[PDB]
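Engineer: below you'll find the sequence and an experimental structure to go with it.
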Amino acid sequence: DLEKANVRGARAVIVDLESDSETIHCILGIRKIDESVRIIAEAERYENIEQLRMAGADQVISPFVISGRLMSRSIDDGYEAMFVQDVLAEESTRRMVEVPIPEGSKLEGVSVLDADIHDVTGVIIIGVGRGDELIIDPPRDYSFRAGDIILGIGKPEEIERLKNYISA
Amino acid sequence: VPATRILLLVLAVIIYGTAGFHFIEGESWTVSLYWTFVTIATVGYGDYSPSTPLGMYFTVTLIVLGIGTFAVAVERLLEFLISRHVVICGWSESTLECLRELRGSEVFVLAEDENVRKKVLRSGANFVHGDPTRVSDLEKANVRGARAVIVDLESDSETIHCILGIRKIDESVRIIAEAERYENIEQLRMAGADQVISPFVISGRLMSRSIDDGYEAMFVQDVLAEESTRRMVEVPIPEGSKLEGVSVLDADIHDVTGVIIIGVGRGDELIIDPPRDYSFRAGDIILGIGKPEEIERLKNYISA
Amino acid sequence: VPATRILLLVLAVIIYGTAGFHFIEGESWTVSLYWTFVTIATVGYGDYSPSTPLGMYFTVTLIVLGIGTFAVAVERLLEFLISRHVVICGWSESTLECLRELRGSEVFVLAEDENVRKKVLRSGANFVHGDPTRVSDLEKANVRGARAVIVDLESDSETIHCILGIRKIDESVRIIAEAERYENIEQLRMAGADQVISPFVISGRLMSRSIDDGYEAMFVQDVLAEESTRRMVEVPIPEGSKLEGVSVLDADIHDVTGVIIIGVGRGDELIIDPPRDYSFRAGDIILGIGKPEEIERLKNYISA
Amino acid sequence: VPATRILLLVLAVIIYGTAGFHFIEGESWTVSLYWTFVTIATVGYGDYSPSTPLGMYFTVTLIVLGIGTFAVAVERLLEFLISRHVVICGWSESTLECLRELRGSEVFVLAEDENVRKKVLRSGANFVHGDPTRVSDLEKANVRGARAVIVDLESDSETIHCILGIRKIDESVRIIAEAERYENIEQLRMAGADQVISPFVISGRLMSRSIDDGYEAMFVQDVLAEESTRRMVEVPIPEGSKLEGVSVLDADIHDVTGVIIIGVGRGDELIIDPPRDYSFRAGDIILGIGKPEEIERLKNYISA
Amino acid sequence: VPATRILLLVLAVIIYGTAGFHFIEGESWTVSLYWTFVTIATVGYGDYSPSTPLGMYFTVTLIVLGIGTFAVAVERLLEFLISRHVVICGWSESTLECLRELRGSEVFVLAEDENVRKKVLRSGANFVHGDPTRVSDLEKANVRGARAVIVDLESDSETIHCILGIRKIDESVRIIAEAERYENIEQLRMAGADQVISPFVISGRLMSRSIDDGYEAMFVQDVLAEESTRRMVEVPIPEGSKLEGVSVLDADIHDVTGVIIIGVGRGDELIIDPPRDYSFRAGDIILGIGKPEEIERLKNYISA
């Protein structure tokens, strides 16, 4: 019944079943068929995240851990929960985006201090990602590479200015 | 048997014994009271004892009627001799991780299931048995003196009922509710919750944004964890600081400190990525991301 | 162990101790009996005690055989020592509010469920476990001597069945029933109910008369609540009163007393807004609304 | 704790107390033993008591080590000092009326529900908790030594399972089963029930024959009741009677006695309204209807 | 109540009584301490007793506060004065028969239900309440030191989850699983099970091979039952035996010993009906069927 639903030709599989044992079983059944498809799982318990990542899921998203950490941090004032719940909605004025660095750009080897993204463009640079790691608030000696992913927050005019600023 | 009834029964035995000994044996009221206690407790010093046949018969009756009554009374007596807090209504996984993050504070848990008391007492929180929708059981768990109430019940109807019960008790306490469905967010805000945290909407948007590459989910689940090098903390601008009237363009907080100023909040409104001519005030809550050394440097920079 | 067997065992110990002390130590039968109680109860005054080696050995045997036996006997004894009524058949919300207003009297609640025992005993009524449709379980709850029986069961067929059972037991008691549907009011009155109260018909009529403005529902739910200023009282006309044979036009109750005469009743009939030619009799019940000062003025007005 | 170990512990306390009092206070071994019992039992007459500081300290140690030990010892001692039947599997209304008709005989009841023990013990039958389909619980209820087992379970599958369990235990006992459906009669006979009583088939045929006038249902429900003047009893023809070889046409039992001979049975076969040339034997069971005077006359007529 | 707290409470009573008697009645500290013990133990010799009204009142207070406290203290004191295991995860029929054959060893049954405790303790195993999928509830049941873990849960996903948890705890223990479907045997072996037993595949193959005549099912269910005459035994070849380097054609086990050589095993492989050129080694396991006399003859045959 997995091979019914075209897992081989797919580009991403999202696994959210009724329990976590069923999620690990379905992830093993998916990895039986296509060993390179992207799997996004969902952990119903905190202990099972390393098991869901060992079983084969590329990205594990645990909603109850995020909910508990946003509940415990909103006792005083909930600016963090407001930030998290408002940056994700595709209706607001500011958007969190991923902008890739093309080959032949103007920022090969350029450090983030000399690049000066926030004053020139207006995009808040919260992280520079590469491969399967994300470096949140990178230090000033961080030299860019062609192939890095810049994760930022800004108005879409600032996003267009950032794409035109890093363009080759 | 209710403790108060046992109290009356033992008092009646005491009156019976004291009056009987006084009238039959002719000892004073005080001696007779003392003799009655000594006898029904089975101490029996023998400094006083009946010397008449009637007194002997009476004493046997007091022994039979009084020793058991006194024994039950003493055992019942044994039982009675032997910032603010946070109240949690309902038991789920979200409240479990919230209770993990709330160590060092006094936490009550109001839940209907009796067989969760072991995990509530192991997590470090006092368990209060009851129904969270009922006002009397809400009241017992000290909703009045709390600083925040966290409501996570099975459905949204019970959550709205709990929020309205808490608003019937205390109109000033903080309610943090959790939405199970998307459309009930505005209704949970209408009932009186101060902030509604909808976890399945966040999870669905992260699962939708994690198709190409999952940097957003990594960012959220990393900065919410208090284990990384960078921490999301809110610094307040104190009364009488160097930053009143100064815009963020004149400030350059990321240039002088190294924290990433991702938002400035006032009251219950937050503006993410504020524009350059946004004038700072005293009381605006700065939401930033940085190392704790940068956090202490930011506190020293915005000082009075 | 059956209580009666424990009784025999303790009596046997008492005989053994009394005869032994009498024969070995030479004290009177009465002193020996008293000494036996004092000893096996572990009181031990010491006014009497053995003075011979045989008596000492005997006393140790009595201690071993008697103290445990007496202890078990007293604890078993503990268990046995430790207008007219109203019977309520079934447990629901209507009987709950009826029990809330009926404080001070003796109420026996007859119900099938055993888990309602704690809430019945906390509301202030003696719980009688049974089936309200069975005749034997009705006779267990003392229906014969009661002054009213309130029937409210799960369906309407069960209510007619319980009414038929009570009428098989007693042909004079007052039965109050609750109808679930409008069609069964005549069947409940034919089966023997002295008054049928239909809550859903009242609720539907109030919900349909509350569309424009709901002063009818406010009037009903304010004069039935015993916390408001005005109360709906029934004031009976005594024999030999001043108002035997006067019309209600000539009597003029409202201006002289302050009460509002909404109706008068006789036997099992009621005349709402009685016309001016209605001549009063003795024994009539006056249904009125007023402040309790006006109620006492009306009561002093209709005196003999 | 094993009783014998408690015995050793109390003996050790007794040795400790007796030797201590003898050596410290200088009383005789016998007095010291007596004092030890009086003290550890908490009797405390005070005829003997310590008079030295060492004796006082020692006595407090004996009190602490000895009173609990003696208490546990006496309570353990307390414990040591202090035709055939019919088994019914399952509890229904049919078994309730069967148990009403079976007064004076020893009846076991094997049922799964624990909350029927009160009505089983009130009806006059011993209650055995268990599952009737399991062979161990079938065995406990003494199926081996019974004379008849009556099976009335919730369905026909459980009834057939119970019949096969009883046939696994005893192949000679009598099983009386009840069919809930019509088509399972031959299967309940295949499993091993000696007679299958299908009540809904009898009820349906009486309800079908009672449309015009209900004389058949009146006849059945009247002659089965042991309250009418006529009774359906089975008389056996004894060995060596006057009726062997004599046909019913030569007999004229209704002419000489007045009973109505409605059937003659042999073994497990019954022929209702037998023809005139049916030759009687010795051992044929005559099924008749008549008054008990006619029954005694019929017994005197067919005698040896 | 913790024993140490009860200790403090009784010490506090002792201080209260001793100081009170000393100051009110004027006896020495030692006599006052002794009197306090004699009184709160309810011994009451009467060698010392209060002689003033204040002392009498005080004594009644000590009696009430002290007798219960002392009683609880002595009972608490009473308490202080007076190969490797196999873990079974889940409870079903297969684990029940496995527990029936595994008598003599130590078995820890880990199960979610609490009502299986009595049948687990009656089958002869220590019950450990928990969830077999959780890692902490696995580590509670001592999986680390066991010699085999038997996993049989409700579904196959739960079985794979429990196997992954045990492999996270221990990488050397032997895991035996039970497959519900034929597709999950390879997933259970990849997840880490040392042996997967599929009962439904064996049952389906035996039911399909029992159409013509069922000698296969009789063979399997007779050689697995340890009540028959023949037993299926594994006989290991020791180091230094007489059969190192001989073929099975030249060894000729069956005529000289009487056993039937159905297969030989090495490591984790098995060769059923091994060909005649198979040369024996040391450490090989011989799987055979025979009478125990033939088994002992084979064991003496393969000696060093």
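Structural biologist: That came in fine, so what should we check first? Numbers count the residues shown, from 1 in each chain, chains lettered A, B, ... in the order given.

Engineer: show me the strands in chain A, by range?
Structural biologist: A:12-14, A:38-41, A:59-60, A:95-100, A:124-130, A:133-136, A:149-154 (DSSP state E).

Engineer: mind putting these in CSV, mean neighbour count and distance to chain C included?
Structural biologist: C-beta here means a position set from N, CA and C on the backbone, and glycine is covered the same way. Formatted as CSV, the strands of chain A follow (neighbours: other C-beta atoms under 10 Å in any protein chain shown; distance: least, C-beta to the nearest C-beta, whole Å):
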stretch, mean neighbour count, distance to chain C
strand A:12-14, 17, 45
strand A:38-41, 23, 43
strand A:59-60, 24, 44
strand A:95-100, 18, 49
strand A:124-130, 21, 56
strand A:133-136, 17, 55
strand A:149-154, 22, 53
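
Engineer: for these, which one sits closest to chain D?
Structural biologist: Judged by C-beta to the nearest C-beta, the one of the strands of chain A that comes nearest to chain D is strand A:38-41, at 44.7 Å.

Engineer: residues in contact with residue A:139?
Structural biologist: For residue A:139, the contacting residues are residue A:112, by C-beta atoms under 8 Å, 6 or more residues apart in numbering or on different chains.

Engineer: measure it to residue D:219 for me?
Structural biologist: As judged by C-beta to C-beta, to the nearest Å, residue A:139 and residue D:219 stand 106 Å apart.

Engineer: hmm, back to that, would you list the strands of chain A in CSV and tack on distance to chain E?
Structural biologist: Shown next, in CSV, are the strands of chain A (distance: least, C-beta to the nearest C-beta, whole Å):
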stretch, distance to chain E
strand A:12-14, 17
strand A:38-41, 14
strand A:59-60, 15
strand A:95-100, 33
strand A:124-130, 29
strand A:133-136, 24
strand A:149-154, 32
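
Engineer: report the beta-bridge partners for the closest residue to residue A:117 other than its chain neighbours.
Structural biologist: Nearest residue to residue A:117 in three dimensions, chain neighbours excluded: residue A:125, at 5.1 Å (C-beta to C-beta, 6 or more residues apart in numbering or on different chains). With DSSP bridges as the criterion, residue A:125 is bridged to residue A:152.

Engineer: residue A:135 now?
Structural biologist: Beta-bridge partners recorded for residue A:135 (DSSP bridges): residue A:128.

Engineer: isn't it up against residue A:126?
Structural biologist: No - Residue A:135 is beyond contact range of residue A:126, at 10.1 Å (criterion: C-beta atoms under 8 Å).

Engineer: tell me, what's touching those two both at once?
Structural biologist: Residues touching both residue A:135 and residue A:126 (C-beta under 8 Å, 6+ apart): none.

Engineer: quick check: residue A:74 touching residue A:83?
Structural biologist: No - contact criterion C-beta under 8 Å: residue A:74 and residue A:83 do not qualify, at 11.2 Å.

Engineer: and the longest helix belonging to chain A, does that touch chain B?
Structural biologist: Secondary structure assigned by DSSP state H gives helix A:20-33 as the longest helix of chain A. No - for a cut-off given as C-beta under 8 Å from any C-beta of the partner chain, helix A:20-33 has no contacts with chain B; the smallest distance is 10.9 Å.

Engineer: how far does that helix sit from its chain's centre?
Structural biologist: Offset of helix A:20-33 from its chain centre (C-alpha atoms, centre = their mean, to the nearest Å): 23 Å.

Engineer: what's in contact with stretch A:158-166?
Structural biologist: Contacts with stretch A:158-166, where a contact means C-beta under 8 Å, 6+ apart, come from A:95, A:97, A:99, A:101-102, A:105-107, A:117, A:120-123, A:150, A:152, A:154.

Engineer: ok, residue A:156 to chain E distance?
Structural biologist: 44 Å (C-beta to the nearest C-beta, to the nearest Å).

Engineer: who's in contact with residue A:61?
Structural biologist: Applying C-beta under 8 Å, 6+ apart, we find residue A:61 in contact with A:40, A:41, A:42, A:43, B:203, B:206, B:207, B:210, B:217, B:221.

Engineer: at 6 Å instead, please
Structural biologist: By C-beta atoms under 6 Å, 6 or more residues apart in numbering or on different chains, the contact list for residue A:61 reads A:42, B:203, B:206, B:207, B:217.

Engineer: swap in residue A:122?
Structural biologist: Residue A:122 makes contacts with A:154, A:158, as judged by C-beta under 6 Å, 6+ apart.

Engineer: tell me the phi and psi of it?
Structural biologist: Backbone dihedrals for residue A:122, given as degrees, to the nearest 10, come out at phi 100, psi 10.

Engineer: what is the burial count for the closest residue to residue A:3 other than its chain neighbours?
Structural biologist: Nearest residue to residue A:3, sequence neighbours excluded (C-beta to C-beta, 6+ apart): residue A:33, at 6.2 Å. Residues lying near residue A:33 (other C-beta atoms under 10 Å in any protein chain shown) number 12.

Engineer: hang on, residue A:33 packs against residue A:7?
Structural biologist: Yes - the criterion here is C-beta atoms under 6 Å, and residue A:33 meets it with residue A:7 at 5.2 Å.

Engineer: for chain A, which residues are neighbours of chain E?
Structural biologist: By C-beta under 6 Å from any C-beta of the partner chain, the residues of chain A that approach chain E are A:21, A:22, A:24, A:25, A:28, A:51.

Engineer: which of these has the largest number of neighbours?
Structural biologist: Most neighbours among those, by other C-beta under 10 Å: residue A:24, with 27 neighbours.

Engineer: what residues are up against that residue?
Structural biologist: Neighbours of residue A:24 in contact, by C-beta under 6 Å, 6+ apart: A:55, E:161.

Engineer: for residue A:60, same thing?
Structural biologist: Taking C-beta under 6 Å, 6+ apart, one finds A:41, A:43, A:49, A:52, A:53 in contact with residue A:60.

Engineer: now swap in residue A:98 and tell me
Structural biologist: Taking C-beta under 6 Å, 6+ apart, we find residue A:98 in contact with A:149, A:151, B:215.

Engineer: quick check: bridge partners of it?
Structural biologist: Beta-bridge pairing of residue A:98 under DSSP bridges involves residue A:151.

Engineer: next, count neighbours for residue A:35.
Structural biologist: Residue A:35 has 8 neighbouring residues, counting by other C-beta under 10 Å.

Engineer: same deal with residue A:75?
Structural biologist: Residue A:75, neighbours per other C-beta under 10 Å, totals 18.

Engineer: now it: closest residue in space that isn't a chain neighbour?
Structural biologist: Nearest residue to residue A:75, sequence neighbours excluded (C-beta to C-beta, 6+ apart): residue B:148, at 4.5 Å.

Engineer: straight-line length of stretch A:34-47, end to end?
Structural biologist: Using C-alpha to C-alpha, to the nearest Å, the span of stretch A:34-47 from its first residue to its last is 26 Å.

Engineer: contact partners for the residue of chain A found nearest chain B?
Structural biologist: Nearest residue of chain A to chain B, counting by C-beta to the nearest C-beta: residue A:68, 2.6 Å away. Under the criterion of C-beta under 6 Å, 6+ apart, the neighbours of residue A:68 are B:94, B:97, B:98.

Engineer: any idea how far chain E is from it?
Structural biologist: Distance of residue A:68 to chain E, computed by C-beta to the nearest C-beta: 18 Å.

Engineer: cool, residue A:35 as well?
Structural biologist: With C-beta to the nearest C-beta as the criterion, residue A:35 and chain E are 13 Å apart.

Engineer: one more: residue A:49?
Structural biologist: Relative to chain E, residue A:49 is positioned 12 Å away (C-beta to the nearest C-beta).

Engineer: so that residue makes contact with residue A:41?
Structural biologist: No - using C-beta under 6 Å, residue A:49 makes no contact with residue A:41, being 8.9 Å away.
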